[PDB]
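This report concerns only the one structure given below.
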Amino acid sequence: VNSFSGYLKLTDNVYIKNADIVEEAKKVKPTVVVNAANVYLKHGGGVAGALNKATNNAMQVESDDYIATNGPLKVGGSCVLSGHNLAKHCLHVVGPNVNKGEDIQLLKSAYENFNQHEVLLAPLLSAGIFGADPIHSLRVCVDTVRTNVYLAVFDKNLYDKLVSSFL
Ligand SMILES: O=C(O)COc1ccccc1
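Heads up, the sequence shown is in the working numbering, so the first residue is 768 and it goes up one at a time.
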């Protein structure tokens with residue numbers, strides 16, 4: 768049993784809800800919240816800007832020190848950092864940004880990072896401001912992630928479309 772409430776069950780392991788991932792993290796304090804990161808961990812907007820704002824910029828301060836030490840992530844890669852006031856840990860995952868020309872085949876690699884964690888609160892990777900088709904992102908999630916994932920969809924309209932179109 769876990770703390771997640773009000774999710775629709777899509778599969779054995781994938782669950783979905785219309786929710787503000789920031790508000791959901793604050794309420795649940797999950798072991799892992801996923802950030803929709805970029806390779807530079809520059810948390811300007813979308814999920815990353817909202818998560819970082821909720822940490823009062825502590826996420827960006829930690830991220831800048833991580834990049835200064837390690838250099839940028841790979842598209843499709845991840846790193847584990849603090850979850851600050853939102854979660855135990857933040858898994859920063861870089862999905863391909865279609866609005867930068869990145870290969871959408873990298874979306875499967877991105878979601879494979881989730882399998883290193885038994886339970887996660889996450890957004891749909893490469894969805895929203897990253898420019899991918901969210902219906903596609905949900906299909907790759909379902910077909911890739913084997914661990915238990917709780918998906919927070921920001922757009923209420925999009926949530927209903929994702930549910931109503933799900934195979
Ligand atoms: O709903 C999400 O989580 C990402 O996709 C969006 C679609 C429309 C507007 C904002 C986000």
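Cβ atoms here follow ideal geometry from the backbone N, Cα and C, with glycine treated the same way.
**Asked** In this structure, what does DSSP give as the bridge partners for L775?
**Response** Here residue 775 refers to the residue found at position 8 when the sequence shown is read from its first residue. DSSP, once it has assigned bridges, lists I783 as partnering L775.
**Asked** Cα separation between residue 944 and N780?
**Response** Here the chain comprises residues numbered 768 to 934, so residue 944 is not present and cannot be evaluated.
**the region 784 to 796 touching the region 888 to 904, judged by at least three CB pairs closer than 8 Å** = Contact holds: three or more Cβ-Cβ distances are below 8 Å.
**Message:** Can you confirm whether the region 812 to 822 touches the region 868 to 887 when touching is taken to mean that 3 or more C-beta pairs between the two stretches lie within less than 8 Å?
**Reply:** A contact between stretches requires three or more CB pairs, one per stretch, nearer than 8 Å, and the region 868 to 887 fails this requirement with the region 812 to 822.
**Message:** Using 8 Å as the threshold, is the C-beta distance between residue 764 and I902 below it?
**Reply:** Given that the chain is displayed from residue 768 to residue 934, the structure contains no residue 764 and the question cannot be resolved.
**Cβ-heavy atom distance, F921 to ligand 1, below 7 Å** = As a position in the sequence shown, residue 921 is number 154, starting the count at 1. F921 Cβ: within cutoff of ligand 1.
**Message:** Closest to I788 by C-alpha separation, out of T778, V801, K776 and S904, would be which residue?
**Reply:** For the purposes of this step, residue 788 is identified with residue 21 of the sequence shown, where counting begins at 1. For the residues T778, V801, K776 and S904, the minimum Cα distance to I788 belongs to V801.
**Boundaries (first-last residue) of the alpha helix (DSSP H) holding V842** = Along the sequence shown, read from residue 1 onward, the residue named residue 842 stands at position 75. In the DSSP assignment, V842 falls outside any alpha helix (DSSP H) and carries neither an H nor an E.
**Prompt:** How many Å lie between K784 and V920 at the Cα?
**Reply:** As a first step, residue 784 must be located in the sequence shown, where it is residue number 17. As a first step, residue 920 must be located in the sequence shown, where it is residue number 153. Approximately 6 Å between the Cα atoms of the pair.
**Request:** Specify the secondary structure class of residue 970 as computed by DSSP and reduced to three states.
**Result:** Residue coverage of the chain in this structure runs from 768 to 934, which leaves residue 970 outside it and unanswerable.
**C-beta atoms of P839 and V806 nearer than 8 Å** = Position 72 of the sequence shown, counted from the first residue, corresponds to residue 839. Position 39 of the sequence shown, counted from the first residue, corresponds to residue 806. Result yes, Cβ atoms of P839 and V806 sit closer than 8 Å.
**Message:** Short of 8 Å in beta carbon distance, which residues of its chain neighbour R913, apart from the five on each side in sequence? Order them along the chain.
**Reply:** Against the sequence shown, residue 913 aligns to sequence position 146. Here the set comprises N780 and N882.
**Asked** My guess is that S893 and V865 are in contact by the Cβ rule of under 8 Å, so how many angstroms apart are they, rounded?
**Response** On the sequence shown, residue 893 is found 126 positions in, with the first residue counted as 1. On the sequence shown, residue 865 is found 98 positions in, with the first residue counted as 1. Between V865 and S893 the Cβ distance is about 7 Å, and since that is below 8 Å, they are a contact.
**Request:** Give the C-beta separation of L775 and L818 to the nearest angstrom, bearing in mind that I take them to be a contact with Cβ-Cβ under 8 Å.
**Result:** Walking along the sequence shown from the start, residue 775 turns up at place 8. Walking along the sequence shown from the start, residue 818 turns up at place 51. Not confirmed; about 23 Å, so no contact.
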